[PDB]
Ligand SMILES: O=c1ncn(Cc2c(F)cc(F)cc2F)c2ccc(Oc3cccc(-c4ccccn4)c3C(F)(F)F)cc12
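Heads up, the chain below is alone and in the form solved without this ligand; it's given as structure tokens.
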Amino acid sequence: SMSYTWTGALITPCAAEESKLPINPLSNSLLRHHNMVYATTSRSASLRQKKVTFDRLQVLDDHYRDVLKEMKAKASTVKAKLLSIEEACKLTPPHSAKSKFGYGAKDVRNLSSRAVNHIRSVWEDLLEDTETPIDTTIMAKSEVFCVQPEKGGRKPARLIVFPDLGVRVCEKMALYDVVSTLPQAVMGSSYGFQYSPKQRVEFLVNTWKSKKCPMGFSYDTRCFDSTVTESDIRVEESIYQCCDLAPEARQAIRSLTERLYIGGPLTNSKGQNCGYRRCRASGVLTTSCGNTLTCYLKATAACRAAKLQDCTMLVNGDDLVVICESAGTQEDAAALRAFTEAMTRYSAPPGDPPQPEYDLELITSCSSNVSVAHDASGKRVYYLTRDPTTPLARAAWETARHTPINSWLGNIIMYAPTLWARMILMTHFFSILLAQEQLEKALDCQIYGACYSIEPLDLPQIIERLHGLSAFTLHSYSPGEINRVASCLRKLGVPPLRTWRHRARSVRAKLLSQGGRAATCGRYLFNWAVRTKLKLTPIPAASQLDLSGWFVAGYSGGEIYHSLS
């Protein structure tokens, strides 16, 4: 069964695609090697198509089936509520794709008579048609990367697939509660999305220390979505069906599974037939939960085949980390081969093969690795961090162009404690914000496929809740970490880490100068940039935050918008 089949209709853009970074002043202040920062366009989509299109063989064994039965037994404890139309409408992001039926996302959120009526009619249809494949749009995704180690050697665009806005509101009705609460229920400590960065590094470390003589490894899969088989999607459904569901909810899931999730026609932006899909659609609500479930099922089966001892997993969609138990160096390298050849039977061959690590800090996952620093107390605090090449690169983009999602905002949130988000991302953007009278404005950002609307003035307490107060006091960062950031600041052409210190003093003074919530940003965020430190006490607004539904579930192209209605 082919992941995709094509007709020859192109993957068309719906608008004008920008490919290169503008030489903006605000841009160049951050990053001067602007010819290194590109964005993806539909021009590279056929390259991608060649990567994602293959025939997939799949052979399930007793291990797989044991594990599946164990997951279903736990999913049987779940009682999932059916959402009301209004409820699912509220969950729709305001700048989500308009419906081909002359109503939009802002219409849905407003309960526009028209939108609501043909959401209803779509729901009705899901109950009375169990067979007809639902149409989908296929699109080249525009993302900014920095170029790489070879020649100018760029990633092709990712392909997104999504049904109509109406179906997407329906998916939410039938399945939001299921995909929000079943992953934790089935996978427990291993479901990665339940974790704020603090909690995530805490789990990783505690898992590590709990071991004998720990061995760990990431496992990258080649184009995961393309490997998800029709079987995979049906089995996924068999798990959902173990929930207590409402009768309509149950037929809705059964219909969506047959009509949408397992495959269907792909249409371009010109309304032409592009071809057929028989694997995971990136942009349906089940994509994150289903990927996580499927990954954790396959991984856990492959462990037992590989005979790895006392494994623990952290699964985030298709990103898999495994901390387990060394049996000797050559033995370990041999079981890691087995895990792979077993994953390959399950139709999940590896990107570049898994490599046993023996330092926790060496293992990468979710584009991330644990690192160590010290708080003001000299006490060693663990934190999570990554190569800043991509974040800074996109930071360079959102500076020079208006973008719907400001990744930097999310990046300062998730990577509050990191050297590079503190010295560059915080400094850069706050000097901009201050020089533009735009601190009180709220900007949209994503955390785990979920959109929030946040005012940057509330960044210190959001950072304290998630990361701790030490994330304003960290120093003595590790050598290699420091050496990676600096090495990256060269590549991108970013002023080095001593440059950013002065700029910070300047804005920090400009921030204190304003009192109110502004000043507490300057005092807390940029306290690193002085030696006569102010001293830092718990912020009153910290505990009074509603950070519910923040680190509960992942919604990768699930179209979720948790912020205020």
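Note that residue numbering begins at 1 and tracks the sequence as displayed.
Chemist: In the PDB record, does 267-275 or 438-446 carry the higher mean Cα temperature factor?
Modeler: Per the PDB record, 438-446.
Chemist: Could you check the entry and say whether 285-293 or 450-458 has the higher mean CA B-factor?
Modeler: Higher mean C-alpha B-factor in the PDB entry: 450-458.
Chemist: From 133, 216, 192, 353, can you pick the one with the highest C-alpha B factor in the entry?
Modeler: Highest CA B-factor of the listed options: 353.
Chemist: Looking at 50, 65, 523, 56, which has the biggest Cα B factor in the entry?
Modeler: It is 523.
Chemist: Ranked by Cα temperature factor within the chain, is residue 101 in the lowest third, the middle third or the highest third?
Modeler: Lowest third, going by the recorded CA B-factors of the chain.
Chemist: What third of the chain, by the recorded C-alpha B-factor, contains residue 504?
Modeler: Ranked within chain, residue 504 CA B lands in the highest tercile.
Chemist: Within this chain's modelled residues, let me know which third the CA B factor of residue 163 belongs to: lowest, middle or highest.
Modeler: Residue 163: CA B-factor falls in the lowest third of its chain.
Chemist: In terms of the chain's CA B-factor thirds, is residue 319 lowest, middle or highest?
Modeler: For residue 319, the deposited C-alpha B-factor lands in the middle third.
Chemist: Place residue 531 in the lowest, middle or highest third of its chain's C-alpha B-factors, as listed in the PDB entry.
Modeler: According to the entry, residue 531 has a C-alpha B-factor in the chain's highest third.
The same protein has a further form, the form deposited with this ligand bound, not shown here; the description that follows concerns it.
Chemist: Report open or blocked for the site once this ligand, placed as found in the deposited bound form, has been superimposed by the C-alphas surrounding the pocket (blocked: 3 or more ligand atoms within 2.4 Å of a backbone or C-beta atom; open: none).
Modeler: Result: blocked.
Chemist: Contact check in the deposited bound form: 419, 423 and 495 versus this ligand, with a cutoff of 4.5 Å between any heavy atoms. Do all three pass?
Modeler: Checking in the deposited bound form: 419, 423 and 495 are all within 4.5 Å of this ligand.
Chemist: Work out which of the listed stretches, 121-129, 482-490, 177-185, 101-109, brings a heavy atom within 4.5 angstroms of this ligand in the deposited bound form.
Modeler: This holds for exactly one stretch, 482-490.
Chemist: Can you work out whether residue 528 and this ligand are in contact in the deposited bound form, taking contact to mean some heavy atom pair no more than 4.5 Å apart?
Modeler: Although this ligand is absent here, residue 528 would touch it in the deposited bound form, with heavy atoms inside 4.5 Å.
Chemist: Do residue 299 and this ligand share at least one heavy atom pair within 4.5 Å in the deposited bound form?
Modeler: Output for residue 299 is no: heavy atoms all beyond 4.5 Å of this ligand.
Chemist: Check whether residue 276 has any heavy atom within 4.5 Å of a heavy atom of this ligand in the deposited bound form, and answer yes or no.
Modeler: Residue-level check for residue 276: no, no contact with this ligand.
Chemist: Please check if residue 355 has a heavy atom lying within 4.5 Å of any heavy atom of this ligand in the deposited bound form.
Modeler: Contact check for residue 355: no, nothing within 4.5 Å of this ligand in the deposited bound form.
Chemist: Counting non-hydrogen atoms within 4.5 angstroms of this ligand in the deposited bound form, say which of 80, 71, 324, 474 makes the cut.
Modeler: Answer to the contact question: 474.
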